[PDB]
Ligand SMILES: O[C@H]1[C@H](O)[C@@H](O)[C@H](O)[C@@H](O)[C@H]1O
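Only one chain comes next, encoded as structure tokens, the form solved without this ligand.
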């Protein structure tokens, strides 16, 4: 049964009960960055596994993954992560599932692993070198290292030990807010230069209209959505599509960048994750 499939990806991250509150009204969604990413890679034709944590009670509320062929390991936790977005936007970590540990890493499978955390502390930075030993292609999302809970409010703080750990990642993903926090500039291109100087050999940077990938040179592609509703999940969709194109389909870095943008645009035509009905529109 296990470790017969190198041609696969594992995402590690907490699923989440997300609560959006817009001028009074509460709206509950089940997701967390891993859900969006894993559905994307699966639908794109890469066998996908997720390692997450939540309560036993909440397992069924995240059945969408398994109802789509994604293998999920729901590790035990007395709490489920829950984030309240109060809308400029403030986010609050109402509840936090337990952090990942070294023994949780035993469940990884495949040639690639994406560290996809929601808050700083979820995936301890000292597990990065450990995971590096086990996996051929290792990527992470900056959100897990710069979004720090301070009395439940999630605030952007620099990743103090970034220069110790960035060298162990084949790819590091940042959005616009995270990039300035790490670099001190809003020039996203210069942020890529700086972050590369801290040790990241490939950087994928998303902004509101597109993606910029940097390996010493820049590769850019734009994307579009139909409506506001379509934009949520943009970053995770783009990251996963890039990993599929680059690692699994063996596209050049340029073609993978364009592929990632195209996948993100087709998904942004509607709310929620990429659908089977969308795949036709990618090319």
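Residue numbers count along the first chain shown, from 1. Between two forms, the rigid core is defined as the largest C-alpha subset superposing within 1.5 Å.
This next part talks about the form solved in complex with this ligand, which is not shown.
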Inset, instruction - Tell me the stretch among 229-237, 215-223, 242-250, 50-58 that has any heavy atom within 4.5 angstroms of this ligand in the bound PDB entry. - result: 229-237
Legend entry - Contact of residue 143 with this ligand in the bound PDB entry (heavy atom, 4.5 Å): yes
Legend entry - this ligand contact at residue 147 in the bound PDB entry, heavy atom, 4.5 Å: yes
Inset, instruction - Look up in the bound PDB entry whether residue 95 has a non-hydrogen atom within 4.5 angstroms of this ligand, and give yes or no. - result: no
Legend entry - Interface membership of residue 185, this ligand in the bound PDB entry, 4.5 Å heavy atom rule: no
Legend entry - Contacting member of 118, 179, 200, 112, with respect to this ligand in the bound PDB entry [4.5 Å, heavy atom]: 118
Inset, instruction - Name the single residue among 166, 138, 83, 108 that comes within 4.5 Å of this ligand in the bound PDB entry, judging by heavy atoms. - result: 83
Inset, instruction - With the core superposed, find the residue in 222, 252, 227, 217 that moves its CA 2 Å or more between this form and the one not shown. - result: 227
